[PDB]
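Asker: query.cif is reproduced below (mmCIF, C-alpha atoms).
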```cif
data_target
loop_
_atom_site.group_PDB
_atom_site.id
_atom_site.type_symbol
_atom_site.label_atom_id
_atom_site.label_comp_id
_atom_site.auth_asym_id
_atom_site.auth_seq_id
_atom_site.Cartn_x
_atom_site.Cartn_y
_atom_site.Cartn_z
ATOM 1 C CA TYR A 365 92.807 119.795 48.188
ATOM 2 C CA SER A 366 91.683 118.058 51.405
ATOM 3 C CA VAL A 367 90.558 120.968 53.562
ATOM 4 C CA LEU A 368 89.200 120.203 57.029
ATOM 5 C CA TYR A 369 85.904 118.321 56.798
ATOM 6 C CA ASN A 370 84.668 119.675 60.137
ATOM 7 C CA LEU A 371 84.799 123.036 58.381
ATOM 8 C CA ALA A 372 81.204 124.026 59.173
ATOM 9 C CA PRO A 373 78.066 122.296 60.491
ATOM 10 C CA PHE A 374 76.365 122.939 57.130
ATOM 11 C CA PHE A 375 78.298 122.690 53.867
ATOM 12 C CA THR A 376 77.324 122.107 50.238
ATOM 13 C CA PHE A 377 79.474 121.224 47.225
ATOM 14 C CA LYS A 378 79.030 119.386 43.919
ATOM 15 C CA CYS A 379 81.977 118.477 41.691
ATOM 16 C CA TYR A 380 80.988 117.764 38.082
ATOM 17 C CA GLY A 381 83.591 116.475 35.637
ATOM 18 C CA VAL A 382 86.213 115.839 38.342
ATOM 19 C CA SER A 383 86.038 112.921 40.761
ATOM 20 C CA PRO A 384 86.873 113.941 44.359
ATOM 21 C CA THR A 385 88.390 110.475 44.839
ATOM 22 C CA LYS A 386 92.214 110.294 44.692
ATOM 23 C CA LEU A 387 92.149 114.060 44.133
ATOM 24 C CA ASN A 388 95.794 114.243 45.239
ATOM 25 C CA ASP A 389 96.888 111.810 42.514
ATOM 26 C CA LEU A 390 95.345 113.849 39.693
ATOM 27 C CA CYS A 391 96.747 117.347 39.330
ATOM 28 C CA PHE A 392 96.917 120.398 37.077
ATOM 29 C CA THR A 393 99.191 123.370 36.359
ATOM 30 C CA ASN A 394 97.570 126.306 38.182
ATOM 31 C CA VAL A 395 94.704 126.694 40.656
ATOM 32 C CA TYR A 396 92.786 129.870 41.529
ATOM 33 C CA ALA A 397 91.417 130.829 44.950
ATOM 34 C CA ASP A 398 88.259 132.947 45.105
ATOM 35 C CA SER A 399 85.961 134.299 47.817
ATOM 36 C CA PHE A 400 82.256 135.093 47.554
ATOM 37 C CA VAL A 401 79.140 135.804 49.606
ATOM 38 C CA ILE A 402 75.772 134.621 48.270
ATOM 39 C CA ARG A 403 72.565 134.278 50.282
ATOM 40 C CA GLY A 404 71.387 130.862 51.410
ATOM 41 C CA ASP A 405 68.784 130.310 48.701
ATOM 42 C CA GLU A 406 70.804 131.763 45.807
ATOM 43 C CA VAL A 407 73.912 129.556 46.146
ATOM 44 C CA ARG A 408 72.379 127.141 43.619
ATOM 45 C CA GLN A 409 73.104 129.675 40.853
ATOM 46 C CA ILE A 410 76.851 128.893 41.003
ATOM 47 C CA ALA A 411 76.850 126.695 37.893
ATOM 48 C CA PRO A 412 77.660 126.770 34.143
ATOM 49 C CA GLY A 413 75.327 129.699 33.512
ATOM 50 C CA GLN A 414 71.921 128.262 34.514
ATOM 51 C CA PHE B 464 81.710 90.861 31.652
ATOM 52 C CA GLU B 465 80.622 91.252 35.281
ATOM 53 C CA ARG B 466 77.345 92.766 36.488
ATOM 54 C CA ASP B 467 76.761 94.407 39.869
ATOM 55 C CA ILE B 468 73.644 96.378 40.822
ATOM 56 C CA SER B 469 73.549 97.973 44.278
ATOM 57 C CA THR B 470 72.357 101.295 45.699
ATOM 58 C CA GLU B 471 73.552 101.083 49.318
ATOM 59 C CA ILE B 472 75.310 104.244 50.466
ATOM 60 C CA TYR B 473 78.958 103.595 51.330
ATOM 61 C CA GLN B 474 81.559 105.309 53.517
ATOM 62 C CA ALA B 475 82.887 107.630 50.832
ATOM 63 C CA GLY B 476 84.829 109.749 53.325
ATOM 64 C CA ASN B 477 85.069 107.369 56.303
ATOM 65 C CA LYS B 478 82.606 107.534 59.262
ATOM 66 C CA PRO B 479 80.186 105.084 57.604
ATOM 67 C CA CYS B 480 76.733 106.556 57.091
ATOM 68 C CA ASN B 481 74.880 103.201 57.079
ATOM 69 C CA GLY B 482 71.878 104.892 55.467
ATOM 70 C CA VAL B 483 72.398 108.375 56.928
ATOM 71 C CA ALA B 484 73.423 109.801 53.524
ATOM 72 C CA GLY B 485 74.747 112.932 55.214
ATOM 73 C CA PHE B 486 77.763 115.111 54.551
ATOM 74 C CA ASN B 487 80.846 113.386 53.058
ATOM 75 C CA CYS B 488 78.442 110.627 51.898
ATOM 76 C CA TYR B 489 77.557 111.053 48.220
ATOM 77 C CA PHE B 490 75.073 108.830 46.426
ATOM 78 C CA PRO B 491 76.532 106.219 44.036
ATOM 79 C CA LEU B 492 73.776 106.313 41.389
ATOM 80 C CA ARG B 493 73.613 109.470 39.265
ATOM 81 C CA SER B 494 70.973 110.137 36.623
ATOM 82 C CA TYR B 495 71.138 111.586 33.107
ATOM 83 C CA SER B 496 69.621 114.868 31.950
ATOM 84 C CA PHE B 497 69.240 114.017 28.232
ATOM 85 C CA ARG B 498 67.740 117.312 27.133
ATOM 86 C CA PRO B 499 65.390 117.234 24.113
ATOM 87 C CA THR B 500 67.874 119.491 22.303
ATOM 88 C CA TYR B 501 71.538 119.646 23.319
ATOM 89 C CA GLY B 502 75.032 119.019 22.019
ATOM 90 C CA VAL B 503 75.704 115.762 20.206
ATOM 91 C CA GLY B 504 78.306 114.925 22.854
ATOM 92 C CA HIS B 505 75.642 114.964 25.573
ATOM 93 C CA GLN B 506 72.816 113.294 23.645
ATOM 94 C CA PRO B 507 71.653 109.732 24.378
ATOM 95 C CA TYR B 508 72.994 106.878 22.257
ATOM 96 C CA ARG B 509 71.959 103.237 21.950
ATOM 97 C CA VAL B 510 74.697 100.597 21.777
ATOM 98 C CA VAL B 511 74.675 96.803 21.482
ATOM 99 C CA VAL B 512 77.676 94.456 21.582
ATOM 100 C CA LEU B 513 77.689 91.049 19.880
#
```
Would you write the structure of this file as structure tokens?

Answerer:
Amino acid sequence: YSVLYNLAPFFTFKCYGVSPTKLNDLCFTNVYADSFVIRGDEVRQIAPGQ
Amino acid sequence: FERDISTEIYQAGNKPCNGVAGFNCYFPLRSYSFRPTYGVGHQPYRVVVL
């Protein structure tokens, strides 16, 4: 789960409910990969409904 | 039974920020929402230990 951290000059992320620390130690069964394009201002809407 | 209160930003992902609070540096102190009406699981409680 440790992608390159020089990925982009500007990057935003907020993990709620899962601690990014020791993220290798904790693990699950299956993980999904998704792609999206949302404008700069509207990326805040990615949340539990809001 | 140990108390520590500190708000200095730390090197969460190496490259110590030393007050920069930039990318890969996330703040240690997080607040509570405590909505006027919400689920009982996310509603403030008061506790005292004797």

Asker: Using only the atoms of region 374-378 of chain A listed in the file, plus 4 Å on each side, state the axis-aligned box centre and edge lengths in Å rounded to one decimal, as lines of an AutoDock Vina configuration file.

Answerer:
```
center_x = 77.9
center_y = 121.2
center_z = 50.5
size_x = 11.1
size_y = 11.6
size_z = 21.2
```

Asker: Could you list, as an NGL selection string, every residue of chain B that has an atom within 10 Å of an atom of chain A, counting only C-alpha atoms?

Answerer: :B and (475-476 or 486-487 or 489)

Asker: As an exercise, work out the distance from CA of residue 508 (chain B) to CA of residue 492 (chain B) in Å and give it to one decimal place.

Answerer: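 Separation between CA of residue 508 (chain B) and CA of residue 492 (chain B): 19.2 Å.
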
Asker: Mind giving me the straight-line distance from CA of residue 488 (chain B) to CA of residue 474 (chain B) in Å, one decimal?

Answerer: 6.4 Å

Asker: With a distance cut-off of 12 Å and all atoms listed in the file, select the neighbouring residues of region 464-470 of chain B, excluding the residue or stretch itself and same-chain residues fewer than 5 positions from it, and output the selection as a ChimeraX atom specification.

Answerer: /B:481-482,484,489-493,512

Asker: Record the distance separating CA of residue 507 (chain B) and CA of residue 382 (chain A), expressed in Å with one decimal.

Answerer: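 Atom-to-atom, CA of residue 507 (chain B) to CA of residue 382 (chain A), that is 21.1 Å.
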
Asker: Would you mind writing region 485-511 of chain B with N, CA, C and O atoms, as an mmCIF file, in the frame of the given file?

Answerer:
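Result file follows (selection.cif):
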```
data_model
loop_
_atom_site.group_PDB
_atom_site.id
_atom_site.type_symbol
_atom_site.label_atom_id
_atom_site.label_comp_id
_atom_site.auth_asym_id
_atom_site.auth_seq_id
_atom_site.Cartn_x
_atom_site.Cartn_y
_atom_site.Cartn_z
ATOM 1 N N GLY B 485 74.456 111.575 54.811
ATOM 2 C CA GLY B 485 74.747 112.932 55.214
ATOM 3 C C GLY B 485 75.943 113.511 54.479
ATOM 4 O O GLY B 485 76.290 113.108 53.367
ATOM 5 N N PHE B 486 76.577 114.488 55.124
ATOM 6 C CA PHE B 486 77.763 115.111 54.551
ATOM 7 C C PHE B 486 78.896 114.096 54.456
ATOM 8 O O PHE B 486 79.009 113.188 55.283
ATOM 9 N N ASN B 487 79.726 114.250 53.424
ATOM 10 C CA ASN B 487 80.846 113.386 53.058
ATOM 11 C C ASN B 487 80.349 112.041 52.532
ATOM 12 O O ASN B 487 81.170 111.200 52.148
ATOM 13 N N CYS B 488 79.037 111.810 52.503
ATOM 14 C CA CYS B 488 78.442 110.627 51.898
ATOM 15 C C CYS B 488 77.681 111.067 50.656
ATOM 16 O O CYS B 488 76.638 111.721 50.766
ATOM 17 N N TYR B 489 78.195 110.713 49.483
ATOM 18 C CA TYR B 489 77.557 111.053 48.220
ATOM 19 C C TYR B 489 76.990 109.804 47.557
ATOM 20 O O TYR B 489 77.593 108.728 47.611
ATOM 21 N N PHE B 490 75.822 109.964 46.942
ATOM 22 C CA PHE B 490 75.073 108.830 46.426
ATOM 23 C C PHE B 490 75.820 108.188 45.257
ATOM 24 O O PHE B 490 76.439 108.893 44.452
ATOM 25 N N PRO B 491 75.787 106.857 45.135
ATOM 26 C CA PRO B 491 76.532 106.219 44.036
ATOM 27 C C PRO B 491 75.850 106.348 42.685
ATOM 28 O O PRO B 491 76.538 106.474 41.664
ATOM 29 N N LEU B 492 74.520 106.317 42.645
ATOM 30 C CA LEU B 492 73.776 106.313 41.389
ATOM 31 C C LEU B 492 73.442 107.746 40.991
ATOM 32 O O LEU B 492 72.757 108.461 41.730
ATOM 33 N N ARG B 493 73.921 108.162 39.824
ATOM 34 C CA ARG B 493 73.613 109.470 39.265
ATOM 35 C C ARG B 493 72.805 109.304 37.986
ATOM 36 O O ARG B 493 73.021 108.360 37.220
ATOM 37 N N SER B 494 71.874 110.225 37.759
ATOM 38 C CA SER B 494 70.973 110.137 36.623
ATOM 39 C C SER B 494 71.530 110.909 35.429
ATOM 40 O O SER B 494 72.598 111.523 35.488
ATOM 41 N N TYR B 495 70.791 110.871 34.325
ATOM 42 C CA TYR B 495 71.138 111.586 33.107
ATOM 43 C C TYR B 495 70.092 112.656 32.825
ATOM 44 O O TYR B 495 68.898 112.445 33.057
ATOM 45 N N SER B 496 70.547 113.805 32.326
ATOM 46 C CA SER B 496 69.621 114.868 31.950
ATOM 47 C C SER B 496 68.937 114.550 30.624
ATOM 48 O O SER B 496 67.708 114.447 30.555
ATOM 49 N N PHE B 497 69.729 114.385 29.561
ATOM 50 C CA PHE B 497 69.240 114.017 28.232
ATOM 51 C C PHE B 497 68.173 115.008 27.751
ATOM 52 O O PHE B 497 66.999 114.678 27.568
ATOM 53 N N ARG B 498 68.627 116.245 27.562
ATOM 54 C CA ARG B 498 67.740 117.312 27.133
ATOM 55 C C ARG B 498 67.173 117.006 25.746
ATOM 56 O O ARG B 498 67.823 116.339 24.936
ATOM 57 N N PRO B 499 65.951 117.467 25.456
ATOM 58 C CA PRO B 499 65.390 117.234 24.113
ATOM 59 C C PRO B 499 66.252 117.798 22.998
ATOM 60 O O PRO B 499 66.338 117.197 21.919
ATOM 61 N N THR B 500 66.895 118.939 23.229
ATOM 62 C CA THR B 500 67.874 119.491 22.303
ATOM 63 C C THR B 500 69.117 119.885 23.087
ATOM 64 O O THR B 500 69.024 120.585 24.101
ATOM 65 N N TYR B 501 70.272 119.419 22.628
ATOM 66 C CA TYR B 501 71.538 119.646 23.319
ATOM 67 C C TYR B 501 72.660 119.289 22.352
ATOM 68 O O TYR B 501 72.419 118.925 21.197
ATOM 69 N N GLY B 502 73.895 119.402 22.834
ATOM 70 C CA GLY B 502 75.032 119.019 22.019
ATOM 71 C C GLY B 502 75.045 117.529 21.736
ATOM 72 O O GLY B 502 74.534 116.720 22.512
ATOM 73 N N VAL B 503 75.638 117.168 20.595
ATOM 74 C CA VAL B 503 75.704 115.762 20.206
ATOM 75 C C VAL B 503 76.534 114.963 21.201
ATOM 76 O O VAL B 503 76.301 113.763 21.394
ATOM 77 N N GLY B 504 77.508 115.606 21.850
ATOM 78 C CA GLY B 504 78.306 114.925 22.854
ATOM 79 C C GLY B 504 77.538 114.553 24.103
ATOM 80 O O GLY B 504 77.931 113.614 24.802
ATOM 81 N N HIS B 505 76.449 115.262 24.397
ATOM 82 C CA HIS B 505 75.642 114.964 25.573
ATOM 83 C C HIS B 505 74.224 114.594 25.159
ATOM 84 O O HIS B 505 73.249 115.065 25.754
ATOM 85 N N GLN B 506 74.101 113.754 24.135
ATOM 86 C CA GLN B 506 72.816 113.294 23.645
ATOM 87 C C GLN B 506 72.785 111.773 23.703
ATOM 88 O O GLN B 506 73.782 111.121 23.369
ATOM 89 N N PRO B 507 71.669 111.180 24.134
ATOM 90 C CA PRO B 507 71.653 109.732 24.378
ATOM 91 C C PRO B 507 71.944 108.925 23.122
ATOM 92 O O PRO B 507 71.505 109.265 22.021
ATOM 93 N N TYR B 508 72.692 107.840 23.304
ATOM 94 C CA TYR B 508 72.994 106.878 22.257
ATOM 95 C C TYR B 508 72.546 105.491 22.695
ATOM 96 O O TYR B 508 72.448 105.194 23.889
ATOM 97 N N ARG B 509 72.279 104.637 21.713
ATOM 98 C CA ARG B 509 71.959 103.237 21.950
ATOM 99 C C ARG B 509 73.069 102.372 21.371
ATOM 100 O O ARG B 509 73.459 102.552 20.213
ATOM 101 N N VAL B 510 73.577 101.441 22.175
ATOM 102 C CA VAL B 510 74.697 100.597 21.777
ATOM 103 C C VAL B 510 74.378 99.151 22.123
ATOM 104 O O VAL B 510 73.755 98.866 23.151
ATOM 105 N N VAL B 511 74.801 98.238 21.252
ATOM 106 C CA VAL B 511 74.675 96.803 21.482
ATOM 107 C C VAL B 511 75.976 96.135 21.055
ATOM 108 O O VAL B 511 76.558 96.487 20.024
#
```
